[PDB]
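Next up: just one chain, as structure tokens, the form deposited in one PDB entry.
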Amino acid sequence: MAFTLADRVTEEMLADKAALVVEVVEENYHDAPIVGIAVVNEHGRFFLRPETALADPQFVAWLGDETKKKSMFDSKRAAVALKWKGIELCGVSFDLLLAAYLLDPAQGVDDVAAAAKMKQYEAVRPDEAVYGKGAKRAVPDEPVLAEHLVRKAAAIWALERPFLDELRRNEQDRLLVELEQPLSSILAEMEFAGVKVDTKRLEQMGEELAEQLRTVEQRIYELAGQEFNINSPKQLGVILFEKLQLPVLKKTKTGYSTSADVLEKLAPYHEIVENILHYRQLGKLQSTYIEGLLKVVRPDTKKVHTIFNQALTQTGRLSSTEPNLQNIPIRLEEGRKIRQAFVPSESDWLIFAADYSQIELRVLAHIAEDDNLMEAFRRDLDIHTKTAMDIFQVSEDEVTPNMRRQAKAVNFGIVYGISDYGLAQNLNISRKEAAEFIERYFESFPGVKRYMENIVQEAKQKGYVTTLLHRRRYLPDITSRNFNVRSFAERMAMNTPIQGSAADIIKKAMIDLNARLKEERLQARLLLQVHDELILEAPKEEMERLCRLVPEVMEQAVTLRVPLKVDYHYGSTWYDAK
């Protein structure tokens, strides 16, 4: 493009409206370099070196002025990288990444060029073509870098209006401006704050694990003949199914299955199997959680700073990476103790955790208007026990533990939209038997059945389904003549208004909570979101206020035909917040 390579900041660069590019090339933008800045506004196109621009008091003033509106792509990346430099970014009124995510989350828009292609704009290169792939990644020389950054800013400048126009046609403009963009700032603060980690406690757990892995690893070698890579399903498969001749219950595309569900059925045949299961559990904790956390914890602050991917999933859920903090173990006690290493950032603070109880089935009761399901939540029943009572036609005192377990698994399948092979699998029954359970469910909950039928028809007719706050998911596969592919699209038509509305609700709750915390002059702060749960830390003197405030704000985020209900706990570590 035609643009100015500026040696200093000028007044015409600080207009009331601009496309702004604050380029961070490193994937993890925490404390990462800013390699260049581009500004496009009514007066022209400008490239600035960050050493110049970020030391200029008027430019910094302009970045922080809420009344100076900026249009950007992935403003959270820029906001966080600037936070690490002590600079506040305000006034971002349009985020092209989030706009493209809302318009079609299946596109996988991850740079300006991919978003621009959605509106037939191609005068910008993909970041990968400019910087390189993995190891071959590099920042090019200034003339090349400056043209790329100005071309990205020019693209944002030209694309704001067509994206906003389509968002408005879809009734998603408020979803962008009042939900996703405010949430992006809250996520930035959460990531920047980080979670404090007790690294010595993690190290001693790693030491304990490494000893136990060593003991089980040698026991496996004695029970087998040879030594082998227990972590490679191929070598393990030769040992189990050829050397020891265990029955082959399930094959994979490349060989025999050694999944935990197959190994458990093989346990009676040979002592080695239980040890492989034990090794898999321990190795999971060591490699994924202990080693992963120690690798990414910042050694100066002893904090981990995750990155929440706000623009990735087709349901509207967040994801979390580097480290992923949304799948820290909790089901088994050995892994749950890892949560003891997540601690408040200040002495005499505590961890506070609040979770919605059954938000997805409450959402389902609301959208389906199912009388039976609505009444169960209005009575605040144990929904798994109640589902077992209806599915199996027994009174509450005849629900056995196994009945409740199988009803909970049906509830899981309904809440996530898993296939009948999925449900049969984790219930260890036949696909046919799993389908009969679903059948008995629809008979006890005929409103849910009507809703499933109607929403599949709606998806076929409109081409998409929507959530309570107008998030959209397109389902072109709903007319596929491949039965599996079509069934998958049908389940996604059912599931997305459920899981996606629950995502809408907690995102609004986060916005409301952040505003309420400031109103009430609390020091408490949000640290993590885990799909239906919010994790905070606060001075211990604030716990009593948070016990009243947090559940109320989360419960009042939307109004449904059934109440929402939030449980909460607090303690000295994340583990204790139970």
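So that the term is clear: the rigid core is the largest set of C-alpha atoms that superpose within 1.5 Å between two forms. Residues carry their position along the shown sequence, with the first being 1.
The form deposited in another entry exists for this protein as well; it is not shown, and the discussion that follows is about that form.
After superposition on the rigid core, the single residue among 158, 106, 177, 435 whose C-alpha moves by 2 Å or more between the shown form and the other one is 435. Core-aligned CA deviation for residue 416 between the shown form and the other one: 2 Å or greater. Once the rigid core is used as the reference frame, the Cα position of residue 227 differs between the shown form and the other one by 2 Å or more. Annotation for residue 251: C-alpha shift of 2 angstroms or more between the shown form and the other one, rigid core superposed. Annotation: residue 418/residue 452 CA-CA distance shorter in the other form than in the displayed model, change of at least 3 Å. An increase of at least 3 Å in the separation of the C-alpha atoms of residue 282 and residue 252 is found in the other form, compared with the displayed form.
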